[PDB]
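What follows is one chain in structure tokens, specifically the form deposited in one PDB entry.
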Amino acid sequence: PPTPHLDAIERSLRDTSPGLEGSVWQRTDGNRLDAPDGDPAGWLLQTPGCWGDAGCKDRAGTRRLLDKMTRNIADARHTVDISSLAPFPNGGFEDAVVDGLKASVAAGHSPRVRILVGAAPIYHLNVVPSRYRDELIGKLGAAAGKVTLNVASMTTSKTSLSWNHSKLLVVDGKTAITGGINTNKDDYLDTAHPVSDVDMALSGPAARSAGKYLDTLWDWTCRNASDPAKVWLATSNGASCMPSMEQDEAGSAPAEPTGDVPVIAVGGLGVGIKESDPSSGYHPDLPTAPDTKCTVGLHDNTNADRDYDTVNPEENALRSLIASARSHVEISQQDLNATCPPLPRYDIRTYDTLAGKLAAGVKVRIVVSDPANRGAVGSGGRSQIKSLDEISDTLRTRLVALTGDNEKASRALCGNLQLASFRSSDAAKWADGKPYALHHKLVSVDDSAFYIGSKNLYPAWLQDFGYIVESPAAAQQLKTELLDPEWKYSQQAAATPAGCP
């Protein structure tokens, strides 16, 4: 079985970050999409999972995510590895950790547990690591004696806005859940307008790869615990920081297959962890002309930093995933554009790749979160755009900058682009009046290869992680459970680009 999309991404990643192969990105064979019995698409964890129901009475998707997290932790023999954006998991998220950990202890195990959150320099942490660690020890009751805890919150660059954005659950380095879902009860659980998001669950060698990525974050984090402006660290039972928990657990045995699925695991170290990949001979010709409509304040790591790319291979893995589309690509994001300033408006190479696809006849679908979600410049608006025109206009400028002609441009753009804001039912907004907020970080290509993870396509310099899966069978499951429904309701809010029928 040929993996033409994965090959191209592997080639881009080894040219970009060879030194990080085995830690920040790794391709593996023999994985299984970890679906339950009698539900072969159960590996895809959507929330809330209530297509066609503007009232969202039955959050079956939410239910499956929480049970699947509880079960994965209840099966823990040795290690539980959790990362997110702050806060530390609360609500039903914390319950899943608690109930799973008690179950594990009951089976006679002594689980070691790392819990890592990223916090922006602006953000005040209410429940701080030591308070959270006390809370877990509290809720675990008598089982706390057999649980080794490392709890940390981290910021890696205050002046370049970089902290952990990855969303991972890894057990025994054998199972991994990942996606866009932060362990935050107010966005997903206790809401009449819950955010639309998706995780995926699998097992096998690629779970260890997510384990090694977390070892890389925790080697930085344990070490920088000496700079308390960057790291707040709390352990339990007077325990060491455990910067190599996944490596210690994997030992010398290679990971064991559990299925027949080939995966590339891929992440980024953001800014402030590792300056460059010293083993890298990556030397791109960077986008020589950025856009008029905005000028970066900060130094532009997305469009103008070769080193940043060497320690953030996820950037080029997304570009290559899209570049590898031969027939069609679907893109389901919170945004393609970032708030500018401070951050650059968009990723030039990403747009030029898509523009190229439109010029070639490859069909491009983009569903982003409703611009009605937008606020100001930061925390409060789940849309960094004022209008979908800001996406299609940019595809025009790049298409023109490609074909010179503008008639070639409008033929490429108007003939091949679908652009819409996300809808999950017929109604334009939730029953309680708030708009649909879409938090997907999803790219699917030729119904063969797809990415599910935490890296948005819009510029952001955080630490992130995800899986790129090549599997026609699995991409068909993705198409059926997520993409086709998404378009069924989202085409109502489609936008015909400026200059077309």
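The first residue of the shown sequence is 1; numbering continues from there. The term rigid core refers to the maximal set of C-alpha atoms that superpose within 1.5 Å between the two forms. Only residues modelled in both forms are compared.
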Read off the CA B-factors in the entry, average them over 235-243 and over 394-402, and name the higher stretch.
394-402
Between 102-110 and 426-434, the record assigns the higher mean Cα B factor to 426-434
Comparing C-alpha B-factors across 187, 314, 219, 81 in this entry, the winner is 187
Among the choices 361, 259, 118, 173, identify the one whose CA B-factor in the record is greatest.
361
Ranked by Cα temperature factor within the chain, is residue 277 in the lowest third, the middle third or the highest third?
highest
Report the third (lowest, middle or highest) to which the CA temperature factor of residue 39 belongs, ranking only the modelled residues of the same chain.
highest
What third of its chain's C-alpha B-factors does residue 480 belong to: lowest, middle or highest?
lowest
Third of the chain, ranked by Cα B-factor, where residue 154 sits
lowest
CA B-factor placement of residue 416, once the chain's modelled residues are sorted into thirds
highest
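Missing here is the form deposited in another entry; even so, the following discussion is about that form.
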Superposing on the core, which single option in 251, 138, 378, 404 has a CA shift of 2 Å or more between this form and the one not shown?
378
Report the direction of the Cα distance change between residue 295 and residue 377 in the other entry, compared with the displayed form, as closer or farther; the change is 3 Å or more.
farther
Closer or farther: the C-alpha atoms of residue 378 and residue 190 in the other entry, versus the form shown, with a change of 3 angstroms or more?
closer
Among residues found in both forms, what runs of at least 3 in a row have Cα shifts of 2 Å or more between this form and the one not shown after core fitting?
374-381
